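Quick notes on the structure that follows.
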Amino acid sequence: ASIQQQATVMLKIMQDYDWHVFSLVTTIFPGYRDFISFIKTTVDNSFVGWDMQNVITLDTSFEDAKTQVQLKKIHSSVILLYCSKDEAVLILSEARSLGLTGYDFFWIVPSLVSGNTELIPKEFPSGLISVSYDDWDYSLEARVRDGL
Amino acid sequence: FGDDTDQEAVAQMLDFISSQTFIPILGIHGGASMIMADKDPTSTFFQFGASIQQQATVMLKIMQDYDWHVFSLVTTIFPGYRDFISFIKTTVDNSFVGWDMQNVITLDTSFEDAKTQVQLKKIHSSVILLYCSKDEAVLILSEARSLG
Amino acid sequence: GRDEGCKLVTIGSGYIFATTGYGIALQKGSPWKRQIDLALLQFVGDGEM
Amino acid sequence: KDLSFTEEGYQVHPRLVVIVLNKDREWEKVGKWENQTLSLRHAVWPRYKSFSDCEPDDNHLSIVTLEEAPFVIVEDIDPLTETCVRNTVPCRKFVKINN
Amino acid sequence: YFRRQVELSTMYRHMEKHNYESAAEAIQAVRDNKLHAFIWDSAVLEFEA
Amino acid sequence: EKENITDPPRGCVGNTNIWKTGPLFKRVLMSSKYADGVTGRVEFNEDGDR
Amino acid sequence: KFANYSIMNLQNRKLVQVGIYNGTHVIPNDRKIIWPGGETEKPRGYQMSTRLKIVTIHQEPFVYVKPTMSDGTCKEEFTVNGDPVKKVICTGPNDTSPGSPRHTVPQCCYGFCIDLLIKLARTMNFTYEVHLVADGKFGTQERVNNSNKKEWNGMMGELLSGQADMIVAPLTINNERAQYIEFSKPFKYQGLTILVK
Amino acid sequence: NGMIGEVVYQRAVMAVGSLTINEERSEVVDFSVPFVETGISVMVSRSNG
Amino acid sequence: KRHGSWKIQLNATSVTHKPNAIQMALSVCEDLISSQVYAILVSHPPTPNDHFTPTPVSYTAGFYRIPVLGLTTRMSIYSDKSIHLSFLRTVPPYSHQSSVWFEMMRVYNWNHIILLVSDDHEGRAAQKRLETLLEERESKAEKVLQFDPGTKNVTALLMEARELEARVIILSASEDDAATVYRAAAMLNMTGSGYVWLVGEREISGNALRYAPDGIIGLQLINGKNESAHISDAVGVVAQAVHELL
Ligand SMILES: *[C@@H]1O[C@H](CO)[C@@H](O)[C@H](O)[C@H]1NC(C)=O
Ligand SMILES: *[C@@H]1O[C@H](CO)[C@@H](O)[C@H](O)[C@H]1NC(C)=O
Ligand SMILES: *[C@@H]1O[C@H](CO)[C@@H](O)[C@H](O)[C@H]1NC(C)=O
Ligand SMILES: *[C@@H]1O[C@H](CO)[C@@H](O)[C@H](O)[C@H]1NC(C)=O
Ligand SMILES: *[C@@H]1O[C@H](CO)[C@@H](O)[C@H](O)[C@H]1NC(C)=O
Ligand SMILES: *[C@@H]1O[C@H](CO)[C@@H](O)[C@H](O)[C@H]1NC(C)=O
Ligand SMILES: *[C@@H]1O[C@H](CO)[C@@H](O)[C@H](O)[C@H]1NC(C)=O
Ligand SMILES: *[C@@H]1O[C@H](CO)[C@@H](O)[C@H](O)[C@H]1NC(C)=O
Ligand SMILES: *[C@@H]1O[C@H](CO)[C@@H](O)[C@H](O)[C@H]1NC(C)=O
Ligand SMILES: *[C@@H]1O[C@H](CO)[C@@H](O)[C@H](O)[C@H]1NC(C)=O
Ligand SMILES: *[C@@H]1O[C@H](CO)[C@@H](O)[C@H](O)[C@H]1NC(C)=O
Ligand SMILES: *[C@@H]1O[C@H](CO)[C@@H](O)[C@H](O)[C@H]1NC(C)=O
Ligand SMILES: *[C@@H]1O[C@H](CO)[C@@H](O)[C@H](O)[C@H]1NC(C)=O
């Protein structure tokens, strides 16, 4: 799927669950300016009246000094993280260390943040919301057969 | 006796002399006149100065004359601090002004510049109140100049 | 206050009636009760009610 | 299977998969997607009280009320976008099939 | 101006039925008793009164 | 001058694990401030340009 | 941290160990918890408040205060419905402290809340004593001469000092009074208005 | 039955909506402070006259 | 032995009693400054001086902010970090006994308590700790009392406590004040049934043990008077802290 359709599906999930207070946290991991811009336009397109906390942008590897301030500005419910897989592990480990993994603090990430379903790393909350398409039901042999 | 250094415990030593020699001793200058915490009725030692509550009343009178209502309070465990913070909390509880008191920044030990930097970057008020020793205040002001 | 026809001006103002209020039912011994009571008195104590 | 392509090399109708994590360290397949609309299996969202080891959650208050006109105005969801307007709150109403 | 407002969404859900093209449509509709109310600028309706 | 000195290994023989101090070395390249040069005062901006 | 302590009993000028205490847990031993009175069980020393101290303010629709007839007595008078006015021998000051120097006498109190209190005494079996408040105020969070601390005066000040037991008055139920004491459910639903001519 | 049955059998925490105050509810649950002065009344025919 | 192959060595310095506390502090500071010490241990409980003042040693060490690890006293004037700057210890004060007394409230389900303290210095800290314990349950005591020791007509306050509706008597005083209030309690019916007597360790020593009512419940330290093993634990704490600092 595209990043635009996947963001549309994630905002459709948020529409179905009415978690109107949210945030948006990104690193410099690619496909991010179009992602943030699509989210900003879709909030501007919405008559729902979403509550969007400002976009947190992470530059490089953390010293846990400025990034700690950027993570402690987060007080919303849904946290939208867009980074790599190892950076997702680092940010979730920091949020677990800073206590930012509460029951209010939801986490919705796309497939490229989560990655493969064949390997699941640590530092993941039981309830980590994600959207991917690496289905074990629709088999890989069916995928390559459809490609052929 | 008038001291030239910055040690109030000298007067505490003089307090022990007031426990032993039973001589009325007047602290004149410096650490002999620097205010200690709590005297004794068995002690006949006396200083020249005001209590920390009276100087707090003077500083809050300055803030009343200038209407600098949004303020903070940065305190270490340097002594005379529980009565000072308690006096400020009761003055906020006895306020027709409506003093916007930001919560008390606390310092346990010398700064690690890891968690103390977080407590310093929570300051968003106008008046920053500091109550500590001399070189600790020099380090905190150098940190605040470093942290902007 | 929403009547179509406006033939309804009720009997007095609750003179000879039950004269109760509306409240929030909690469990017998819930810790929320004092906080909910203080919150309701704050909501009345500023005109927001 | 409508496996058509866009101008940027993306599937027109892909298979959107919505998963979460359980306490058993497994990614549970929860929601798929139709040709246009989202398919959600769990209408009642499970709260997942234990995201981690030490999480005492005593702030999820189960609340029931009764439909009365001057206090509890209950309407259907919007037919256009399937959305409660933001000055309202969501709810669920249990409706049986027949008697 | 009613879309920026935070609580008048009921009027937005009501007026979506009869969004008219021109003001003369609304003038003729209230003239033929099709409407019951209409929101408009002041002095224009002062002239049309 | 800093710690965690790691090296990009022989990734062409059986290695797919990425170099973890990649963004660290890139941030070192970001803070490259100089006042010497025949072309002039060279320094990288937030976009990594002159 | 976590100080092990010993719980000792004095059994007729003899120290007897009757328990221990961990960092957070009390462990009683197999000894007898000997009390100076009767049994070894715990004395539930919370009396059921047989005698009560009732304080009120001079409220004309609620508390009629009238001086006695001859000496500490109340005349049994009737209403328009033939109801005997169920009075009570209240004890109160005459006027304010600049007004009256020292004159605190028992007089006759009756009216609305007195009948409410007599209905309450009909409900549960208890005794009571009706008295009045020293000043003429309900009670506010008001400054005192030192300590940088506002305390309470009026009926609340006399109740929180332990001089009273139960305020029977038009209690203006707000957020400030509820933070310190518990309340009852309101017998009267009553708002605010403006008296003009 | 109803909200009282949901709170007493503890399938809910509290009831927010309009709820009267009587003896049996105070037996089984605990009310909060009242926030609105709501008794009962009688609506009749009450014609012009 | 087990703290590694670090090249540090140790040396001892110990000073005994003198009647003149001025020359006590003089010999102390002569032995502290000329030796460049790190840790100071005060170990004199059975002093004939009834003032019980290890103050000037801790005040001399606090002149350059050197932590004295005392072993004897339990007063709030030594428990304070304001005047005594870094006078630490491994002995608990009496105020934490109130926490144990709060645990007594969790033993017998007793809520309404009455507090009687003769002192004012430790009494304010005991009142603060007890009000913290009551705030943990969000309740209050019925009556608290602080006064001036020495007099004998505090019987009227005990009769006002008789006029109250709880029988939980919590007491915090020295030996002579406890003996005075026990004599008043015996002369005013207060040693009968229903009364709740729960005190510390100052009320079971001397004549306070003599005039105590039969059936009183009190607290006692464990290894409080065993002082050699207390020295051994203190030296272990000090040595591991010094190796961790080095
Ligand atoms: C999916 O495709 C079918 C035809 O194959 C169509 O009838 C259906 O409407 C599509 N689903 C939706 C709801 O878009
Ligand atoms: C079956 O459903 C229909 C409405 O679809 C209606 O008759 C009733 O709700 C059910 N039948 C009965 C008699 O309960
Ligand atoms: C179904 O019908 C019966 C007929 O008496 C009625 O009593 C009952 O309330 C109805 N409800 C159920 C059980 O669905
Ligand atoms: C290297 O970085 C890690 C975090 O990625 C940090 O914990 C560690 O202190 C650094 N270097 C070492 C081995 O001290
Ligand atoms: C600035 O321009 C001058 C003239 O060309 C030359 O020094 C160089 O190109 C540039 N760099 C600096 C800062 O000198
Ligand atoms: C204190 O006492 C018991 C028994 O000695 C011990 O198991 C435990 O560590 C403490 N209490 C608790 C937490 O059970
Ligand atoms: C009580 O006050 C009234 C006020 O007029 C006064 O007449 C009366 O003498 C006072 N009672 C006495 C005897 O002090
Ligand atoms: C009076 O009160 C006592 C308790 O002191 C109780 O036993 C008795 O039943 C009461 N009598 C009546 C009839 O109220
Ligand atoms: C002290 O309190 C009294 C109470 O009446 C008050 O009148 C006075 O203004 C206060 N201030 C002084 C003089 O200390
Ligand atoms: C240890 O200290 C003493 C002074 O207290 C002095 O003789 C010398 O520094 C050392 N001597 C011994 C006994 O090792
Ligand atoms: C202390 O004072 C009172 C004052 O009346 C007096 O009766 C007695 O001497 C003492 N207390 C007692 C035992 O009543
Ligand atoms: C209480 O003490 C008095 C003496 O003041 C004595 O006469 C009386 O018998 C005692 N009562 C009890 C309950 O023993
Ligand atoms: C103190 O405790 C230790 C613990 O082993 C014990 O050996 C010793 O006998 C006790 N008392 C003395 C005499 O030090």
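Since every read-out is calculated from the coordinates, none of them should be taken as a lab result. Ideal geometry is used to build each Cβ from the backbone, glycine not excepted, and the neighbour counts take in all protein chains shown.
Between the range D:29-99 and the range E:1-42, the C-alpha centres lie 33 angstrom from each other. For the range I:112-119, putting each phi into the Karplus relation 6.51 cos²θ - 1.76 cosθ + 1.60 with θ = phi - 60° gives couplings of 6, 10, 10, 10, 9, 10, 6, 7 Hz, in residue order, rounded to whole numbers and with x for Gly and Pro. Peptides A:76-85, F:30-39, ordered by how many other C-beta atoms sit within 10 Å of their residues on average, highest first, read A:76-85, F:30-39.
Given 37 °C and 0.692 mPa s, compute D for chain G with the Stokes-Einstein relation, Rh being the Kirkwood radius over Cα pairs; round to the nearest whole µm²/s.
For the chosen part, D equals 153 µm²/s.
Summing charges over all other residues whose Cβ lies under 14 Å from the Cβ of residue A:18, with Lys and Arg as +1 and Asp and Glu as -1, gives -1.
Normalised by the number of residues in the range I:112-184, the average gap of Cα pairs under 8 Å and 6 or more apart makes the relative contact order 51 percent. The count of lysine pairs in chain D with alpha-carbon distances below 21 Å, taking only pairs 8 or more places apart or on different chains, stands at 4. Backbone amide hydrogens, once placed in the peptide plane, bring residue G:18 within less than 5 Å of G:7, G:8, G:9, excluding anything fewer than 5 places away on its chain.
Charged neighbours of residue A:5, selected by a Cβ distance under 12 Å, balance to +1 (K, R count +1; D, E count -1). Shown here for chain D: chymotrypsin sites (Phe, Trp or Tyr not before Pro) in loop regions (DSSP other than H, G, I, E, B) with at most 15 other Cβ atoms within 10 Å, namely D:10, D:71, D:94.
Across q = 0.13, 0.15, 0.25 Å⁻¹, the range I:153-246 modelled as identical point scatterers on its alpha-carbon atoms has Debye log10 I(q)/I(0) values of -0.56, -0.65, -1.31, in the order of the q list. Over 29 Å apart at the Cα level, from the set B:122/C:28; B:134/I:81; B:134/G:1, are B:122/C:28; B:134/G:1.
Over the residues of chain I, compute the C-alpha Rg and express it relative to 2.2 N^0.38 Å.
This ratio for chain I stands at 1.20.
Look at G:102, H:11 and count the other Cβ atoms within 10 Å of each Cβ; fewest to most, that gives G:102, H:11.
Just so you know, the averaged projected area of the alpha carbon convex hull for the protein assembly as shown sits at 71.3 nm². The spacing between the range I:229-246 and the range I:4-66, judged by their C-alpha centroids, is 17 Å.
Shielding of peptide H:2-14 by partners, expressed as the average count of other chain Cβ atoms within 10 Å per residue Cβ, is 4.
Shielding value for D:12-25 is 6, the average number of Cβ atoms from other chains within 10 Å of each residue's Cβ. With a 10 Å cut-off around each Cβ of B:83-93, the average count of Cβ atoms from other chains is 1. Of the trypsin sites (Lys or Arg not before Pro) in chain C, the ones in a loop by DSSP (not H, G, I, E or B) with at most 15 other beta carbons within 10 Å are C:2, C:7, C:28.
For chain D, the relative contact order is 11 percent, taking Cα pairs closer than 8 Å that sit 6 or more residues apart in sequence and dividing their mean separation by the residue count. Taking a ≥ b ≥ c as the square roots of the eigenvalues of the Cα gyration tensor, the range D:1-92 is oblate, since a/c reaches 1.5 or more and a/b is not larger than b/c.
Would you mind classifying the range I:113-160 by shape? Square roots of the alpha carbon gyration tensor eigenvalues, ordered a ≥ b ≥ c; an a/c under 1.5 is rounded, otherwise it is prolate if a/b is larger than b/c and oblate if not. Oblate shape, in that a/c is at least 1.5 and b/c is the bigger or equal ratio. Over 29 Å apart at the Cα level, from the set A:85/F:33; G:42/I:152; G:42/I:140; C:33/G:86; G:137/G:185, are A:85/F:33; G:42/I:152; C:33/G:86. Residue exposure proxy: A:122, G:87, ordered by other Cβ atoms within 10 angstrom of their Cβ from fewest to most, comes out as A:122, G:87. Contact order for chain G, expressed relative to its length and based on alpha carbon pairs under 8 Å spaced 6+ residues apart, stands at 18 percent.
Centre-to-centre, using Cα atoms only, the range A:108-148 and the range G:24-38 are separated by 63 Å.
In order along the range B:25-37, phi translates into HN-Hα couplings of 10, 9, x, 9, 10, x, x, 5, 9, 5, 7, 8, 7 Hz, rounded to whole numbers, per the Karplus curve 6.51 cos²θ - 1.76 cosθ + 1.60 with θ = phi - 60° and x for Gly and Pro. For residue I:71, the residues whose amide H sits under 5 Å from its own are I:42, ignoring neighbours fewer than 5 places away on the same chain, with H placed 1.01 Å from N.
For the range G:47-152, what D do you get in µm² per second when you plug the Kirkwood radius from alpha-carbon pairs into Stokes-Einstein at 20 °C and 1.002 mPa s?
It comes out at roughly 136 µm²/s.
When a/c is below 1.5 the answer is rounded, else prolate if a/b is larger than b/c, else oblate, so apply that to chain A with a ≥ b ≥ c taken from the square roots of the Cα gyration tensor eigenvalues. Oblate, because a/c is 1.5 or more while a/b does not exceed b/c. Taking chymotrypsin sites (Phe, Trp or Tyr not before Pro) in DSSP loop conformation with at most 12 other Cβ atoms inside 10 Å as exposed sites, chain I has its longest uninterrupted site-free stretch at I:65-246. Between residue H:19 and C:23, the built amide H atoms are under 5 Å apart, and every one of these is 5 or more places off in sequence or on another chain.
The string of couplings for the range A:75-90 from the Karplus curve (6.51, -1.76, 1.60, θ = phi - 60°) is 9, 8, 9, 8, 10, 9, 9, 10, 7, 7, 6, 5, 5, 5, 4, 5 Hz, one whole number per residue in order, with x for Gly and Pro. In a simple Cβ point-charge model (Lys, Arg +1; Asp, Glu -1; nothing else charged), the protein assembly as shown has a dipole of about 2020 debye relative to its Cα centre. By the helix-only formula, in which each DSSP H run with n ≥ 4 contributes -39500 (n - 2.57) and the sum is divided by residues, chain H has a 222 nm mean residue ellipticity of -6500 deg cm²/dmol.
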